[PDB]
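Participant: In the authors' numbering, the protein residues as written are 1 to 170, 189 to 378.
Note that the Cβ used here is the ideal one computed from N, Cα and C, for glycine as well.
Provided herewith is a single structure, encoded as structure tokens, for subsequent inquiry.
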Amino acid sequence: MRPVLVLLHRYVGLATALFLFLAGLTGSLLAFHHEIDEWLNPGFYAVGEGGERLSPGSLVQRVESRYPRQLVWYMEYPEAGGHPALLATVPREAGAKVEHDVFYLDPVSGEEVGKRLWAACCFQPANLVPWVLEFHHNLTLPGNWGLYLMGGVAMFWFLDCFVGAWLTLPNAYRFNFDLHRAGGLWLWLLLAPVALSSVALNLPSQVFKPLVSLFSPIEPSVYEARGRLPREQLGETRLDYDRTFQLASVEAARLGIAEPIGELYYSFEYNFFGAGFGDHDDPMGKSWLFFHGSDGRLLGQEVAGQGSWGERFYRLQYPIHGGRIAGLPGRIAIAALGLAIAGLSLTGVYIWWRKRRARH
Ligand code: HEM
Ligand code: HEM
Ligand SMILES: CCCCCCCCCCO[C@@H]1O[C@H](CO)[C@@H](O[C@H]2O[C@H](CO)[C@@H](O)[C@H](O)[C@H]2O)[C@H](O)[C@H]1O
Ligand SMILES: [Zn+2]
Ligand SMILES: [Zn+2]
């Protein structure tokens, strides 16, 4: 059964071609997606000249009341000798227009030191890195319409990878074919985990966690779990950010979560808070704890390095996709593969073109 898999590659690799192309090339750009912004957008990464930082709830209230038709749901809370606190917002009137959407505050004086609107188109200073980063996984399509597409392209790319891994395991046309061929089993093996983590990153609840669950049990998120609750049971929101940060340090004591609280999260839709420990430069050591909006009780824990095989195999996908599992080498590594993939998806559509040139 040799040519059956050969046909199965040509039909797959070509459907994938320009999606995988766009996706991977932009992904290379995103290899330094934090770094690019700091170069492009240095106001957002100010110095914060001060001593004692004011409480996460304090910084929230600044933003919620200077912008009375907006609400803070995610915020990055720094250690005050560093980057400006990041508070992210959403309309209060459901589908209202807002001029700005993410806020940078000095964490010692809540005074705004930069604003941004998320993903306006290519605008070099500020909406570039967000736009590339949301175009990359969704080709900026209407909503999940196409988040699904790019995740599907991911699914075929992975399936095509473990076909190619079996099929290959123990001129203009002359040169394009030779370049493309040159990957070997080595390159097919590199491709496989970028595709797999792609599946994880776009269709986590839908494909990847249900498929892994056959091999080890994946507890769903608190977010998965409360999306599935009957709405009357959700309760009414009584906590605030400060009350959460207390509760998470109380719980962090108990579980031995070493790291410090850096992110705080609240979701309207399901009435719960999130306190996430550790910085974005070591995403493998980040933990999360989620608390009920009314009780303050612990709804779920995602303590890094802990859980079931399937669960920590999930939390490795985002570190694997971004190279961070291998440090700056790996980031450089991934920045390379996305270029390779671009090359592949091109050279491979060409050897279709010039094969089709005989019919011309
Ligand atoms: C990295 C390892 C890869 C290897 C070893 C590889 C190998 C090949 C080979 C040897 C062909 C020969 C064409 C033929 O025999 O008929 C081919 C065709 C092709 N491959 Fe790849 N491939 C790789 C990755 C990719 C990727 C990532 C894509 C797209 C993203 C891709 C897209 C294509 C396409 C479109 C063709 C079309 C040729 C046709 O229609 O006949 N390949 N592949
Ligand atoms: C060419 C292959 C790909 C490469 C090299 C690549 C690379 C990357 C990189 C480096 C990141 C950033 C990780 C980090 O910030 O730490 C990223 C983000 C992401 N990737 Fe990919 N990627 C590729 C393909 C895909 C595919 C095919 C999909 C889905 C079909 C996908 C979905 C995503 C998602 C959802 C994110 C998260 C970005 C965000 O938060 O907005 N990737 N990609
Ligand atoms: C053309 C598109 C192709 C799509 C291919 C991927 C579809 C995968 C579905 C496989 O079937 C699943 O079996 C899982 C059970 O083993 C269930 O997971 C559920 O049950 C698990 C525990 O059994 C937990 O992971 C979760 O609570 C939960 O997601 C889940 O309901 C069900 O769908
Ligand atoms: Zn980042
Ligand atoms: Zn930084």
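Under three-state DSSP, which class holds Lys115?
Facilitator: In the sequence shown, the residue the question calls residue 115 occupies position 115. Reduced to three states, the DSSP call for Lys115 is strand.
Participant: Considering only residues of the same chain and omitting the five flanking positions on each side of residue 398, which have a CB-CB separation below 6 angstroms?
Facilitator: Summary: the structure shown does not reach residue 398, with the chain confined to residues 1 through 378, and so no result is reported for it.
Participant: Decide if the segment 279–293 is in contact with the segment 329–341; the criterion is three or more beta carbon pairs, one per stretch, under 8 angstroms apart.
Facilitator: Segments in contact, no.
Participant: Use the C-beta contact count for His34: other C-beta atoms within 10 angstroms, 16 or more gives buried, fewer gives exposed.
Facilitator: Counting from 1 along the sequence shown, the entry for residue 34 is found at position 34. When all chains shown are included, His34 counts as exposed.
Participant: Report the partner residues of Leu105 according to the DSSP bridge assignment.
Facilitator: In the sequence shown, counting from the first residue as 1, residue 105 sits at position 105. Per DSSP, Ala85, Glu112.
Participant: Where does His33 fall in DSSP's three states?
Facilitator: Numbered from its first residue, the sequence shown carries residue 33 at position 33. Correct three-state label for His33: helix.
Participant: Just the C-alpha distance for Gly274 and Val321, rounded to the nearest angstrom, thanks.
Facilitator: By one-based count along the sequence shown, residue 274 stands at place 256. By one-based count along the sequence shown, residue 321 stands at place 303. Between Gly274 and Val321, the C-alpha separation is close to 9 angstroms.
Participant: Tell me whether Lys304 is buried or exposed, calling it buried when 16 or more other Cβ atoms sit within 10 Å of its Cβ.
Facilitator: On the sequence shown, position 286 is the one that residue 304 refers to. So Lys304 ends up on the buried side.
Participant: Considering only residues of the same chain and omitting the five flanking positions on each side of residue 184, which have a CB-CB separation below 8 angstroms?
Facilitator: Looking at the chain, the numbering goes 170 and then 189, which leaves residue 184 without any coordinates in this model.
Participant: The beta strand (DSSP E) spanning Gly318 covers which residue range?
Facilitator: For this step, residue 318 is matched to residue 300 along the sequence shown. Residues 316–320.
Participant: Below 8 angstroms, can you find three or more Cβ-Cβ pairs linking the segment 346–366 to the segment 25–33?
Facilitator: The segment 346–366 vs the segment 25–33: in contact.
Participant: Whole-angstrom Cβ separation of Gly114 and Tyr104, contact assumed at under 8 angstroms?
Facilitator: Residue 114 sits at position 114 when you count from the first residue of the sequence shown. Residue 104 sits at position 104 when you count from the first residue of the sequence shown. Correct: roughly 4 angstroms between the Cβ atoms.
Participant: Between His34 and ligand 5, is the CB less than 7 angstroms from at least one heavy atom?
Facilitator: Indexing the sequence shown from 1 puts residue 34 at position 34. Yes, the beta carbon of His34 sits closer than 7 angstroms to at least one heavy atom of ligand 5.
Participant: Measure the alpha-carbon distance for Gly361 versus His198 and round it to whole angstroms.
Facilitator: Residue numbering aside, residue 361 sits at position 343 when the sequence shown is read from its first letter. Residue numbering aside, residue 198 sits at position 180 when the sequence shown is read from its first letter. So the two alpha carbons sit approximately 8 angstroms from each other.
Participant: Under a Cβ-count criterion, where at least 16 other Cβ atoms within 10 Å of its own Cβ denotes burial, should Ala120 be classed as buried or exposed?
Facilitator: As a working mapping, residue 120 is identified with position 120 in the sequence shown. So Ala120 counts as exposed.
Participant: So, under 8 angstroms CB-CB, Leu59 and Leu87 are touching, yes? Tell me the CB distance rounded to an integer number of Å.
Facilitator: In the sequence shown, counting from the first residue as 1, residue 59 sits at position 59. In the sequence shown, counting from the first residue as 1, residue 87 sits at position 87. Indeed they touch by this definition, with Cβ atoms about 6 angstroms apart.
Participant: Per DSSP, what are the beta-bridge partners of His310 in this structure?
Facilitator: On the sequence shown, residue 310 is found 292 positions in, with the first residue counted as 1. Its beta-bridge partners are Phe290.
Participant: May I ask whether a heavy atom of ligand 1 can be found less than 7 angstroms away from the beta carbon of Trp370?
Facilitator: Looking up residue 370 in the sequence shown gives position 352. At least one heavy atom of ligand 1 is nearer than 7 angstroms to the Cβ of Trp370, so yes.
Participant: With which residues is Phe295 paired in a DSSP beta bridge?
Facilitator: The sequence position of residue 295 within the sequence shown is 277, counting from 1. DSSP output for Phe295 lists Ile279, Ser305 as bridge partner(s).
Participant: Should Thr26 and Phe135 be called a contact, given that it needs their Cβ atoms to be closer than 8 angstroms?
Facilitator: The residue you call residue 26 lines up with position 26 of the sequence shown. The residue you call residue 135 lines up with position 135 of the sequence shown. Against a cut-off of 8 angstroms, the Cβ pair of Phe135 and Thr26 comes out as a contact.
Participant: Taking the alpha carbon of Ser326 as the reference point, which residue from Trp73, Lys227, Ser234, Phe44 has its own alpha carbon closest?
Facilitator: Here the question's residue 326 lines up with position 308 in the sequence shown. Of the candidates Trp73, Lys227, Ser234, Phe44, the one whose C-alpha sits nearest the C-alpha of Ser326 is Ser234.
Participant: Verify whether the separation of the beta carbon atoms of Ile36 and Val163 is less than 8 angstroms.
Facilitator: Reading the sequence shown from its first residue, position 36 is the one you call residue 36. Reading the sequence shown from its first residue, position 163 is the one you call residue 163. No, these two residues do not count as a Cβ contact at 8 angstroms.
Participant: Taking all protein chains shown into account, decide if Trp371 is buried (16 or more other Cβ within 10 angstroms of its Cβ) or exposed.
Facilitator: Here the question's residue 371 lines up with position 353 in the sequence shown. With fewer than 16 other Cβ atoms within 10 Å, it is exposed.
Participant: So is the beta-carbon of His298 under 7 angstroms away from any non-hydrogen atom of ligand 4?
Facilitator: Taking the sequence shown and counting its residues from 1, one reaches residue 298 at position 280. Within the cutoff, so yes.
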